[PDB]
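Enquirer: Have a look at this one before I ask anything.
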Amino acid sequence: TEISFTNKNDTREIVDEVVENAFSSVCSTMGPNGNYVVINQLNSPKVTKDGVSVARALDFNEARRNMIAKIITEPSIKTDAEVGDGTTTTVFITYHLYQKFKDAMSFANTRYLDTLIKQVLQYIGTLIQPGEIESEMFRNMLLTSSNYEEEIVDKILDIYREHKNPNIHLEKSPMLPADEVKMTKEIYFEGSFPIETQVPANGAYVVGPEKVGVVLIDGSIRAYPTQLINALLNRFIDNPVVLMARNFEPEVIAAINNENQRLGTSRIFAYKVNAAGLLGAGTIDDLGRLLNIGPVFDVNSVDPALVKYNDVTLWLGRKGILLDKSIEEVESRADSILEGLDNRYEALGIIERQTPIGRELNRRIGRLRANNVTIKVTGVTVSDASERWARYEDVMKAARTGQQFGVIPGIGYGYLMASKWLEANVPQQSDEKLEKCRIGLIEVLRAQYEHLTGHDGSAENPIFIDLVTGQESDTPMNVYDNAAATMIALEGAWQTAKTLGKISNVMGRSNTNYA
Amino acid sequence: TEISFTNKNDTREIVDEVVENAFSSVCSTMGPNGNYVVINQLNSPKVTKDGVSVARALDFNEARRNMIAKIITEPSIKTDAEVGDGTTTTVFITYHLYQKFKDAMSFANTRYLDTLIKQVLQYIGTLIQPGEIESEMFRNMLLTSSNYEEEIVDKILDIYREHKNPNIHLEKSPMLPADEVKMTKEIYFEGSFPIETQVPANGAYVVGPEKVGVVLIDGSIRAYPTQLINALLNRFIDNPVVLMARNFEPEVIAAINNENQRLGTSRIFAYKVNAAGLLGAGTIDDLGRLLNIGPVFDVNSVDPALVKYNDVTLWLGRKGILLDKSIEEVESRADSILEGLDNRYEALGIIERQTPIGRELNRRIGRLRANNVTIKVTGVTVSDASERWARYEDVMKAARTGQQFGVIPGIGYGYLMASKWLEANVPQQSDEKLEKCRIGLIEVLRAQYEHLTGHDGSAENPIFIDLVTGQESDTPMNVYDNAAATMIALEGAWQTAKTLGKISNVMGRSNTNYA
Amino acid sequence: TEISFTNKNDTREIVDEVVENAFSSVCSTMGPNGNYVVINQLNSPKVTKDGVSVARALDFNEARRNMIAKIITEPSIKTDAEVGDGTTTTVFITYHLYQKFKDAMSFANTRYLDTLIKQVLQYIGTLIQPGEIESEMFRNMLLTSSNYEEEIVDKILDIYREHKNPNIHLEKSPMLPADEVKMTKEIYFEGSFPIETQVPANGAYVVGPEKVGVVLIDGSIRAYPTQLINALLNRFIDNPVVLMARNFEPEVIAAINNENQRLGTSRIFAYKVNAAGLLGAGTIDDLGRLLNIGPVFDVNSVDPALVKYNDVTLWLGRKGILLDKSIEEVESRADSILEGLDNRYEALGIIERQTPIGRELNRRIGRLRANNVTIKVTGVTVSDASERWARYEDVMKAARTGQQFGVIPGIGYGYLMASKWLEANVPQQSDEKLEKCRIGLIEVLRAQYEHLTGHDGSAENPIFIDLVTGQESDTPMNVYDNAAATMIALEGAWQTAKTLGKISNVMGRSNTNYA
């Protein structure tokens with residue numbers, strides 16, 4: 001009376017059965033006619049607009065059906081865990097590419113669906129328009145908040161009414177009053193303690209003295225740095241010898257006794273910086289003498305822990321320098337601004353296609369340079385504080401898109417003009433007739449605008465291939481414009497839902513063990 | 001055997017049904033023919049007229065229908081949170097606005113439920129005569145209690161036959177005869193302790209010495225005001241300052257030892273004031289100067305704890321001032337009558353349109369100006385005193401809307417003349433055939449006519465449009481007029497009958513997560 | 001509950017509904033068009049491909065079908081316990097050997113068939129490519145990753161360039177610079193604690209080897225010595241008394257934790273060794289007389305710790321011993337490998353055929369030699385780091401098998417040189433009609449290549465030279481060459497699928513009891 005081999009037809013019509021009634025709960029709910037769904041709780045019923053929590057609660061009770069829906073819901077909500085909004089297109093064209101019931105073979109109709117979606121990504125990134133200003137973020141907030149609380153919209157318009165991308169703050173309010181927006185000076189990036197005995201403080205880990213001797217070795221110092229025989233002897237009773245590096249902290253974390261238990265009353269300190277990024281020349285550059293600490297040392301195992309060039313109790317600069325769980329420098333002089341302008345024009349160059357890898361020096365640079373704005377809300381109840389927190393997370397990632405990424409034009413416009421492009425690209429019968437059938441099916445990218453204007457009437461997209469829907473235009477019979485979806489959801493979520501449409505049809509069984 | 005999807009065929013016939021056997025549940029119990037409903041209890045049955053408990057006990061057995069009807073039983077009690085009555089108006093016309101089964105497209109058949117009910121709100125501001133005389137409350141009380149009990153209504157008509165709407169005190173009475181209506185010498189609000197040392201007396205809570213130098217810090221006091229080091233040391237042995245504070249208690253509440261544990265033999269008192277109201281020009285002017293407690297200090301963040309302005313002795317006057325469990329102050333002097341005239345012109349003059357927000361003096365503001373009336377009623381048992389207590393709170397708030405808002409004429413008046421308003425507004429074929437259909441459906445705001453005169457016969461509405469309708473004329477063979485329905489019910493319960501006959505039609509799913 | 005007699009056709013169709021739907025489980029998951037299998041957990045699913053984690057999970061609910069699928073899958077996980085792959089080829093070709101089902105009368109053509117399959121395997125052990133150098137192994141690493149990363153590709157080749165046959169390990173670290181090649185001398189073998197009082201350490205269990213007096217029980221400790229305290233008392237602080245025992249510890253340990261933990265409380269060790277093999281007596285001997293454990297003790301439990309043979313304590317050599325969860329060494333210098341591993345290297349003269357006598361033996365004895373490279377993965381994002389993580393995990397297994405088990409031209413090239421070899425046959429042309437039908441179905445040695453291309457098509461027996469051996473290699477329908485499988489898979493899979501096609505039709509019934 002349970003689940004076992006289902007072969008294949010009770011797992012053919014069990015995956016034709018939950019890509020339908022998890023599709024039809026976010027096919028009606030699209031857009032301005034934003035049809036509600038009541039989700040039960042343990043408690044009283046909640047009623048909702050969007051498919052986010054709907055896909056969270058897509059719970060059947062036959063553990064087969066629930067099991068299979070546990071993957072059609074999963075990246076469609078992980079994508080909005082990333083970017084906030086954009087599920088309702090993913091969980092839509094994951095059914096319009098689940099029309100691929102036959103074409104699961106690796107060579108022909110998925111090499112011409114890797115390359116064809118590759119040209120689609122190419123023409124999209126070509127087609128992307130500079131959605132940067134906040135008066136069309138006023139247009140985006142019409143739908144990304146479901147016009148619920150424009151107070152958070154006014155807050156984030158005050159946020160990026162200040163300089164672009166400061167330390168955008170994360171804070172709720174259990175207390176009642178004081179909506180607060182404070183522009184402060186903070187250069188906050190990661191650096192912590194290896195051992196509690198390495199820190200001058202223990203409460204807030206702040207370095208006690210200023211002008212403190214800091215040794216700077218960025219890369220893998222593979223000398224096994226327990227051999228502090230003259231480098232530590234330069235600063236023997238003087239100051240905490242601070243080392244900052246990447247993640248190469250070897251078993252010398254057990255050889256701390258060679259100074260602490262053995263000779264050496266100094267206050268040695270040696271820990272890593274943020275995770276794997278291209279900042280091998282930047283994450284020591286923002287530290288050092290370019291912002292007045294010390295030498296910008298290359299990723300190398302040279303200049304070991306034995307002896308240094310020179311260390312002094314005049315070593316830091318006359319700015320705000322404190323070790324923390326993530327080390328804090330205030331009053332940055334020039335170099336953070338230099339690397340920030342460098343990666344700013346780097347984030348102006350390749351913003352249009354938006355390939356992050358190669359540009360994700362912007363993982364920190366751009367997050368770091370513009371200083372700090374701290375935020376506080378008014379929470380009258382835990383429930384609506386969490387709701388306005390979720391809406392704050394909606395609008396702040398949308399602001400991240402509208403600044404670092406961009407905002408694409410209208411809704412199916414990047415698909416209907418992609419259908420012009422799939423008239424521009426190869427329309428012939430390719431090396432397989434299934435590939436010609438597949439370009440006949442990737443003619444049907446336009447289903448998103450088709451179904452969206454089927455909320456308003458009528459759903460006749462093939463006339464609208466030619467000229468009528470353009471530009472920033474996916475024309476209903478209302479206004480023809482003033483609707484622009486966001487960008488990186490509509491592109492990366494597009495690609496990972498192509499992976500969804502080719503994965504959930506190449507699924508063909510179900511079993512039950514325990515591992 | 002549990003929750004699933006229901007769409008559409010299992011959710012058209014699951015929410016087209018629970019606005020029927022929750023429709024006959026509170027449309028039967030209307031009017032003269034008060035066709036009872038047996039509500040089961042934990043015990044023996046209760047038999048009921050009034051639709052409050054009839055809505056509150058709306059319990060099917062399936063979690064689906066229960067889960068749906070939880071949001072149609074909720075505006076019924078939100079009507080009671082608004083005024084107290086109008087529940088069966090709400091459920092009746094949320095079903096006669098459940099004629100939006102299929103009309104979900106964007107422009108026409110939603111904006112003639114937005115703008116058309118906006119014009120009906122315009123004719124609410126136009127139509128409602130402010131009924132202040134109690135001979136129209138006489139017309140209200142014939143049916144507004146569901147023709148059940150007139151003794152408490154006779155009590156409140158004696159109150160409004162005496163000095164109208166005083167501070168009616170709230171207290172039970174465990175004795176059978178002798179309903180007491182007594183007038184005392186009281187201006188009434190309360191005071192208690194957040195901290196055990198913050199009460200002056202321990203025997204009977206009465207402060208010993210009079211002629212207190214009473215300083216006030218009105219705004220957000222982050223210090224939890226232990227700042228009294230000079231104005232308290234000028235009255236070091238005499239008496240404690242009767243202080244008033246705000247609800248902001250930060251981490252300094254452990255640091256109030258600067259007054260508690262340190263010097264100062266004082267007997268200090270501190271408590272909060274009410275929350276913020278949007279008639280701020282009246283609901284802090286009644287607190288600061290009209291009670292004559294102390295100074296009127298402005299809301300700002302200037303003048304820190306270094307030095308203050310002045311402390312005078314003779315700020316108060318020879319009147320009744322005593323601190324107790326509830327503070328007693330008697331004989332306010334000069335501003336009450338002229339201020340009451342000024343604020344009644346301010347709350348009657350330019351708000352003829354009558355939005356509910358904008359005239360919220362009827363919350364409590366007026367029970368602080370007017371002195372006191374203590375009442376003692378026929379209570380012998382918790383159950384029936386609770387029942388007449390619920391009916392008491394139903395009738396007195398409708399009476400206070402008759403005192404501070406007004407009372408519109410009758411039940412058949414506000415739809416059969418607001419259908420003359422749909423001849424004042426456009427009755428022909430509008431800009432869309434969907435708009436023509438929508439005003440043809442709002443032409444059936446005479447369903448109230450049909451429902452009132454179908455208890456007696458007959459519901460022949462096309463003839464009696466022109467001249468018969470006044471007042472309340474949904475023609476019985478009795479009187480044709482002379483009973484009145486209340487005002488803010490037929491506005492606000494009307495508005496939430498619009499929105500919740502606009503919600504529970506388009507909802508088409510019922511899912512589950514579990515917290 | 002009613003586990004009973006099936007009789008007997010209900011054991012034809014309790015095994016034809018196990019072997020057939022076990023076959024349609026993992027006959028699709030081969031090849032390019034790998035249709036996934038969704039293994040459940042008792043939580044949310046795990047979507048996988050290979051027949052390893054499918055054949056773990058071929059779990060019908062019924063106790064008859066579980067009973068039958070416990071014999072088709074015990075070779076499927078013993079196959080990849082032996083090497084790492086060959087599972088899906090095993091339990092595929094068991095169904096294509098279980099059309100011998102119809103020829104249940106088998107003893108005439110089982111002396112024939114099983115000797116024929118020996119000659120077929122002899123021909124497969126004629127069709128050899130002993131790929132040990134990086135000539136075509138370069139093509140293998142080129143083909144397993146499409147040259148993903150030349151670090152990931154050529155780095156393990158660089159490990160094989162200098163250091164012979166290492167134990168390769170990999171880790172993660174969120175850092176960019178080069179991978180951490182760690183050629184450190186530790187050799188894995190087994191030993192842990194019976195009681196925490198036995199080990200000198202408790203964090204990492206590391207022994208502190210000095211004057212180490214070891215008494216050796218190499219064998220199964222079966223003489224039940226409770227008398228192990230006399231030489232313990234004679235050798236109390238004179239040495240850390242180390243008794244080595246087998247993994248078969250009897251329940252004398254309940255008479256030891258109350259005896260030797262008590263008075264007579266020296267640093268006593270008595271726990272497990274590795275499994276029953278020649279290095280079961282070899283890992284205690286190469287570190288034995290050479291590096292202070294002791295001379296050869298026979299596989300026995302004779303002469304307990306009344307008194308030792310010799311008091312061998314101070315043989316502390318150029319070595320490092322550390323007890324662990326499994327006790328290992330650090331930097332041994334004696335001829336531990338020159339004692340026996342040269343005999344294993346000349347026993348790698350079999351690796352032409354690589355007979356199963358040896359496929360366990362010389363991996364267990366020979367691959368415990370020297371340095372074991374343990375690295376950490378890099379990658380500028382988490383996602384690509386996980387990608388090259390998994391892909392380096394992939395490539396090290398094929399590299400291990402290429403060093404270990406050879407690399408054959410695979411897909412059907414083994415099987416369809418074999419079927420051509422059986423066309424111009426094993427020269428006894430079958431005069432027996434049973435044997436003639438059986439050689440006609442050992443012409444369904446072709447079905448693995450046939451079905452592997454028949455996911456797309458096409459293999460027929462006059463289409464040898466065109467599609468099978470055109471072009472003269474493993475031929476996918478792009479380039480017709482450059483693919484390779486591991487040779488042990490299409491050797492041992494064929495052997496044990498013969499011993500599952502010999503069962504399961506000479507199976508006739510199904511009883512129950514608990515012994």
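Naming scheme: A, B, ... for chains in displayed order of the structure tokens; residues 1 onward per chain; ligands 1 onward as shown.
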Give me the residues within 9 Å of segment 434-443 of chain C as a VMD selection string, counting only C-alpha atoms and dropping any in the same chain fewer than 6 places off.
Expert: chain C and resid 96 to 97 99 to 100 103 105 to 106 108 to 110 112 to 113 117 419 to 420 422 to 423
Enquirer: What's around residue 316 of chain B at 9 Å? Count only C-alpha atoms, leave out sequence neighbours fewer than 4 positions away in its own chain, and write the answer as a list in words.
Expert: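 Neighbouring residues, sequence-local ones excluded: residues 211, 212, 213, 214, 292, 293 and 294 of chain B.
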Enquirer: Keeping N, CA and C atoms for every residue in the selection just given, could you write it to a file as a short mmCIF file (atom, residue, chain, number, x, y, z; two decimals), in the first residue's frame?
Expert:
```cif
data_model
loop_
_atom_site.label_atom_id
_atom_site.label_comp_id
_atom_site.auth_asym_id
_atom_site.auth_seq_id
_atom_site.Cartn_x
_atom_site.Cartn_y
_atom_site.Cartn_z
N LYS B 211 -0.54 70.20 46.48
CA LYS B 211 0.21 71.32 45.89
C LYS B 211 1.58 70.86 45.37
N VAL B 212 1.50 69.89 44.47
CA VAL B 212 2.67 69.23 43.92
C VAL B 212 3.20 70.06 42.76
N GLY B 213 4.52 70.27 42.76
CA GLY B 213 5.17 70.82 41.59
C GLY B 213 5.27 69.74 40.53
N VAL B 214 4.45 69.84 39.49
CA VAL B 214 4.22 68.74 38.56
C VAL B 214 4.89 69.10 37.24
N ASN B 292 -4.86 70.25 32.91
CA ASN B 292 -4.05 71.13 33.75
C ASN B 292 -3.22 70.32 34.75
N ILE B 293 -2.34 69.50 34.18
CA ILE B 293 -1.48 68.64 34.98
C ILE B 293 -0.14 69.35 35.12
N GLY B 294 0.39 69.85 34.01
CA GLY B 294 1.65 70.54 34.03
C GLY B 294 1.90 71.33 32.76
#
```
Enquirer: Identify, on the basis of only C-alpha atoms, every residue whose closest approach to segment 75-92 of chain B does not exceed 10 Å; exclude the query and any residue fewer than 6 positions from it along the same chain; express the result as a JSON list (two decimals) with C-alpha atoms, in the first residue's frame.
Expert:
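File written: part-v9.json
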```json
[["chain", "number", "residue", "atom", "x", "y", "z"],
["B", 19, "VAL", "CA", -21.87, 31.87, 0.56],
["B", 20, "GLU", "CA", -25.22, 30.12, 0.52],
["B", 22, "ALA", "CA", -23.75, 30.97, 5.36],
["B", 23, "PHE", "CA", -26.15, 33.26, 3.48],
["B", 24, "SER", "CA", -29.40, 31.72, 4.73],
["B", 25, "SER", "CA", -27.77, 31.64, 8.12],
["B", 26, "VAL", "CA", -27.85, 35.42, 8.55],
["B", 27, "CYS", "CA", -30.38, 36.47, 5.96],
["B", 28, "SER", "CA", -33.19, 34.60, 7.72],
["B", 29, "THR", "CA", -32.59, 36.34, 11.02],
["B", 30, "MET", "CA", -33.37, 39.83, 9.71],
["B", 50, "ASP", "CA", -28.81, 38.47, 16.24],
["B", 51, "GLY", "CA", -26.30, 37.50, 13.59],
["B", 52, "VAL", "CA", -23.12, 38.03, 15.64],
["B", 53, "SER", "CA", -22.96, 34.59, 17.23],
["B", 54, "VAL", "CA", -24.62, 33.15, 14.11],
["B", 55, "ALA", "CA", -21.58, 34.22, 12.15],
["B", 56, "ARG", "CA", -19.12, 33.33, 14.94],
["B", 98, "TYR", "CA", -20.92, 37.74, -5.35],
["B", 144, "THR", "CA", -31.47, 47.90, 15.50],
["B", 145, "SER", "CA", -31.40, 45.56, 18.52],
["B", 146, "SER", "CA", -33.21, 42.88, 16.45],
["B", 356, "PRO", "CA", -14.33, 57.28, 8.75],
["B", 390, "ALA", "CA", -22.60, 42.56, 24.23],
["B", 391, "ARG", "CA", -25.96, 44.12, 23.37],
["B", 392, "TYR", "CA", -24.99, 47.16, 25.50],
["B", 393, "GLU", "CA", -21.76, 47.61, 23.56],
["B", 394, "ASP", "CA", -23.70, 47.12, 20.32],
["B", 395, "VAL", "CA", -26.26, 49.85, 21.01],
["B", 396, "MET", "CA", -24.05, 52.45, 22.72],
["B", 397, "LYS", "CA", -21.57, 52.70, 19.85],
["B", 398, "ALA", "CA", -24.37, 53.12, 17.32],
["B", 399, "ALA", "CA", -25.74, 55.78, 19.67],
["B", 400, "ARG", "CA", -22.32, 57.46, 19.78],
["B", 401, "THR", "CA", -22.23, 57.42, 15.99],
["B", 411, "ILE", "CA", -33.14, 50.70, 5.72],
["B", 447, "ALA", "CA", -32.02, 43.37, -3.57],
["B", 448, "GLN", "CA", -32.27, 45.03, -0.14],
["B", 451, "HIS", "CA", -35.16, 41.09, 0.90],
["B", 485, "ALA", "CA", -30.61, 52.44, 10.13],
["B", 486, "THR", "CA", -27.27, 53.71, 11.38],
["B", 487, "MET", "CA", -24.49, 55.38, 9.42],
["B", 488, "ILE", "CA", -20.90, 54.15, 9.72],
["B", 489, "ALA", "CA", -22.16, 50.58, 9.38],
["B", 490, "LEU", "CA", -23.74, 51.31, 5.99],
["B", 491, "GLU", "CA", -20.48, 53.01, 4.98],
["B", 492, "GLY", "CA", -17.62, 50.91, 6.37],
["B", 493, "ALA", "CA", -19.33, 47.53, 6.48],
["B", 494, "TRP", "CA", -20.44, 48.42, 2.96],
["B", 495, "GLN", "CA", -16.83, 49.03, 1.92],
["B", 496, "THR", "CA", -15.63, 45.73, 3.36],
["B", 497, "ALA", "CA", -18.60, 44.01, 1.77],
["B", 498, "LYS", "CA", -17.33, 45.37, -1.54],
["B", 499, "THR", "CA", -13.77, 44.14, -0.99],
["B", 500, "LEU", "CA", -14.80, 40.74, 0.40],
["B", 501, "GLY", "CA", -17.34, 40.07, -2.26]]
```
Enquirer: Identify which of the residues A:380, A:323, A:357, A:124 lies closest to chain B, counting only C-alpha atoms when measuring atom-to-atom distances.
Expert: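 The shortest atom-to-atom distance to chain B comes from A:380.
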Enquirer: I'd like the interatomic distance between atom CA of residue 234 of chain C and atom CA of residue 262 of chain C, to a tenth of an Å.
Expert: 15.4 Å
Enquirer: What are the closest atom pairs, with distances in Å to one decimal, for all residues of chain A lying within 6 Å of chain B? Consider only C-alpha atoms, order rows by chain and residue number, and present the result as JSON lines.
Expert:
```
{"residue": "A:33", "atom": "CA", "partner": "B:106", "partner_atom": "CA", "distance": 5.9}
{"residue": "A:36", "atom": "CA", "partner": "B:507", "partner_atom": "CA", "distance": 5.2}
{"residue": "A:37", "atom": "CA", "partner": "B:509", "partner_atom": "CA", "distance": 5.4}
{"residue": "A:38", "atom": "CA", "partner": "B:510", "partner_atom": "CA", "distance": 5.2}
{"residue": "A:39", "atom": "CA", "partner": "B:511", "partner_atom": "CA", "distance": 4.8}
{"residue": "A:40", "atom": "CA", "partner": "B:512", "partner_atom": "CA", "distance": 4.7}
{"residue": "A:41", "atom": "CA", "partner": "B:514", "partner_atom": "CA", "distance": 5.5}
{"residue": "A:42", "atom": "CA", "partner": "B:514", "partner_atom": "CA", "distance": 5.5}
{"residue": "A:57", "atom": "CA", "partner": "B:513", "partner_atom": "CA", "distance": 4.5}
{"residue": "A:60", "atom": "CA", "partner": "B:4", "partner_atom": "CA", "distance": 5.5}
{"residue": "A:456", "atom": "CA", "partner": "B:105", "partner_atom": "CA", "distance": 5.6}
```
Enquirer: Can you tell me how far atom CA of residue 418 of chain C sits from atom CA of residue 122 of chain C, in Å to one decimal?
Expert: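 Result for atom CA of residue 418 of chain C versus atom CA of residue 122 of chain C: 9.7 Å, one decimal.
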Enquirer: Report as a PyMOL selection string: the residues of segment 109-285 of chain B with a DSSP assignment of helix (DSSP H, G or I), based on the backbone of this structure.
Expert: chain B and resi 109-127+134-140+151-159+251-254+257-260+285
Enquirer: Quote the spacing between atom CA of residue 328 of chain C and atom CA of residue 191 of chain C in Å to one decimal place.
Expert: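 Going from atom CA of residue 328 of chain C over to atom CA of residue 191 of chain C, I get 8.5 Å.
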Enquirer: Name the residues in contact with residue 375 of chain B at a cut-off of 8 Å, using only C-alpha atoms, excluding same-chain residues fewer than 3 positions from it; report them as a ChimeraX atom specification.
Expert: /B:168-171,179-182
